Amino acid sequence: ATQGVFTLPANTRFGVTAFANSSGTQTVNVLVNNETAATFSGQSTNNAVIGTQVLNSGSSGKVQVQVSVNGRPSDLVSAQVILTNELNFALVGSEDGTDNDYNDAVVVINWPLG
């Protein structure tokens, strides 16, 4: 199944935050309406926050997370959870290797803000 794609409400601010847990340098690209809107890179085995930014979901509300290591796409896992019918989290994990820890880049999207 497709993973790392989320439909947000249109024209809505959201937070995106990426963490790294791998010997491989992570590249996190965050696409809004199929164009890169934020990019984070880094290498950590201790959950560094390799980036955090506020973006706008724009007219389509389509948000996609892509994770690659030196140009090789990582395998993604994802889901969205809603608390008290108001508070939204879009969650991504990624695997750059063979151990299937799926934490090599971890991306958290949250909305609403403010």
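Numbering starts at 1 and runs along the sequence shown.
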- 30-38 versus 80-88: which one carries the higher mean Cα B factor per the record? 30-38
- Note on the structure: Higher of the two mean Cα B-factors (100-108, 6-14; per PDB record) comes from 6-14
- Message: Quick check on the deposited entry: does the C-alpha B-factor of residue 63 sit in the lowest, middle or highest third of its chain?
- Response: highest
- Sorting the chain's modelled residues by C-alpha B-factor and splitting them into thirds places residue 56 in the highest
- Item | residue 45 by Cα B-factor - lowest, middle or highest third of the modelled chain | middle
